[PDB]
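These protein sequence lines map, in sequence, to chains A and A'. A prime marks a further copy of an entry chain.
Residues 634 to 736 (the deposited numbering) make up the first sequence, in order.
Residues 323 to 426 (the deposited numbering) make up the second sequence, in order.
We put the CB at the ideal spot given by N, CA and C, even for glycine.
Take a look at the structure set out below.
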Amino acid sequence: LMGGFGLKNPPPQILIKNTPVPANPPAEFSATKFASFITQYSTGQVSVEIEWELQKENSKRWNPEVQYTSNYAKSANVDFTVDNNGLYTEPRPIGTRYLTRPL
Amino acid sequence: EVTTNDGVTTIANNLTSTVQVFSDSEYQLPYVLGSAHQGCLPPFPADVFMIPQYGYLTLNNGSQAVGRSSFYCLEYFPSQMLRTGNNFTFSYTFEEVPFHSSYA
Numbered sequence: 634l635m636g637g638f639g640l641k642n643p644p645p646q647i648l649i650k651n652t653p654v655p656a657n658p659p660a661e662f663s664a665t666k667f668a669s670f671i672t673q674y675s676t677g678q679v680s681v682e683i684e685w686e687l688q689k690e691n692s693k694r695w696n697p698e699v700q701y702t703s704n705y706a707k708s709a710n711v712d713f714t715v716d717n718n719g720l721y722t723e724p725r726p727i728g729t730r731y732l733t734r735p736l
Numbered sequence: 323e324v325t326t327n328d329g330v331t332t333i334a335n336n337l338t339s340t341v342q343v344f345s346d347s348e349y350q351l352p353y354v355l356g357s358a359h360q361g362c363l364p365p366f367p368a369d370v371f372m373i374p375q376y377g378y379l380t381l382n383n384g385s386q387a388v389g390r391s392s393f394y395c396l397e398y399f400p401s402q403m404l405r406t407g408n409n410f411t412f413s414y415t416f417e418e419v420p421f422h423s424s425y426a
């Protein structure tokens with residue numbers, strides 16, 4: 634209901650976790666698990682590469698279509714770009730229904 | 323070709339004039355058929371019938387025209403020029419539509 638592709642078998646969840654590295658244990662053996670670990674975190678890169686399958690239009694419409702254009706004007710800031718101090722701001726929600734197939 | 327010369331129609335046979343026929347076999351057009359209109363083949367076979375006129379309706383904001391209102395120029399399709407000796411033929415195969423249940 635939020636839109637999208639209802640998948641029976643969706644892309645699987647990729648779960649990630651830092652392996653717990655403990656701090657120094659005491660010299661006598663203890664039964665209680667651990668109240669002290671080494672504080673750590675990870676970083677790294679991650680690539681996602683989705684191949685899509687397009688449906689090219691087969692229209693015999695005469696007049697021009699309505700297509701998503703940028704606002705051609707002397708603007709203060711370029712839309713869908715960074716700012717004076719680097720904040721990527723998406724200005725408006727873009728749908729996908731711009732072309733016209735007859736019903 | 324008809325000449326209404328001085329109030330008297332004198333229908334004259336023309337031989338070099340053509341007739342354009344195309345079957346829109348890719349569905350780029352509005353499909354007016356199935357809207358239950360007149361101008362079919364007549365029921366009884368010994369009837370001369372008159373062919374309908376192809377009009378089509380598009381989107382409107384009342385009687386205005388929104389920028390999605392498509393215009394279809396129909397000479398922008400490959401037709402087939404037919405003289406008095408040629409003929410238009412094509413064939414078509416239906417889908418596997420279910421049987422119409424003709425029982426109660």
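Min CB distance residue i to chain A below 7 Å
i                       : result
residue 395 of chain A' : yes
Within 7 Å, strictly: CB atoms of residue i and residue j
i                       : j                       : result
residue 651 of chain A  : residue 669 of chain A  : no
residue 379 of chain A' : residue 391 of chain A' : no
residue 394 of chain A' : residue 351 of chain A' : yes
residue 365 of chain A' : residue 371 of chain A' : no
residue 711 of chain A  : residue 389 of chain A' : no
residue 411 of chain A' : residue 337 of chain A' : no
residue 404 of chain A' : residue 343 of chain A' : yes
residue 731 of chain A  : residue 701 of chain A  : yes
residue 760 of chain A  : residue 660 of chain A  : Here chain A has residues from 634 to 736 only, and residue 760 of chain A is not among them.
residue 374 of chain A' : residue 361 of chain A' : yes
Within-7 Å CB hit, residue i to chain A'
i                      : result
residue 733 of chain A : yes
Residues bridged to residue i (per DSSP)
i                       : result
residue 327 of chain A' : A'/330
residue 343 of chain A' : A'/402
Interface flag, residue i vs chain B, CB-CB below 7 Å
i                       : result
residue 346 of chain A' : Absence of chain B from the displayed structure is noted, the protein chains being A and A'.
* Output, in sequence order along the chain, the residues in the segment 389-414 of chain A' whose CB is closer than 8 Å to any CB in chain A. => For the segment 389-414 of chain A', which is checked against every Cβ of chain A, the residues closer than 8 Å are 389, 390, 391, 392, 393, 394, 395, 398, 399.
* Using a beta-carbon distance cut-off of less than 9 Å, what residues from the segment 332-355 of chain A' approach chain A? -> If the cut-off is 9 Å between Cβ atoms, the segment 332-355 of chain A' has 346, 348, 349, 350, 351, 352, 353 near chain A.
* To do: Could you please tell me which residues of the segment 656-689 of chain A, in chain order, have their CB closer than 9 Å to any CB of chain A'?
  => The residues in question: there are none.
* Check distances from the C-beta atoms of the segment 694-725 of chain A to those of chain A' and list, in chain order, the residues that come in under 7 Å. => Listed by position, the residues of the segment 694-725 of chain A near chain A' (Cβ gap below 7 Å) are 694, 695, 696, 699.
* **Continuous beta strand (DSSP E) assignments of at least 3 residues falling wholly in the segment 637-683 of chain A** => Within the segment 637-683 of chain A, not a single complete beta strand (DSSP E) segment reaches 3 residues in length.
* Could you tell me which uninterrupted beta strand (DSSP E) segments, each at least 3 residues in length, are contained entirely in the segment 689-733 of chain A, listed from first to last along the chain? => Every candidate beta strand (DSSP E) stretch fails here, since none sits fully inside the segment 689-733 of chain A while reaching 3 residues.
* To do: Give the residues from the segment 642-656 of chain A that approach chain A' closer than 8 Å (Cβ to any Cβ), ordered along the chain.
  => Listed in sequence order: no entries.
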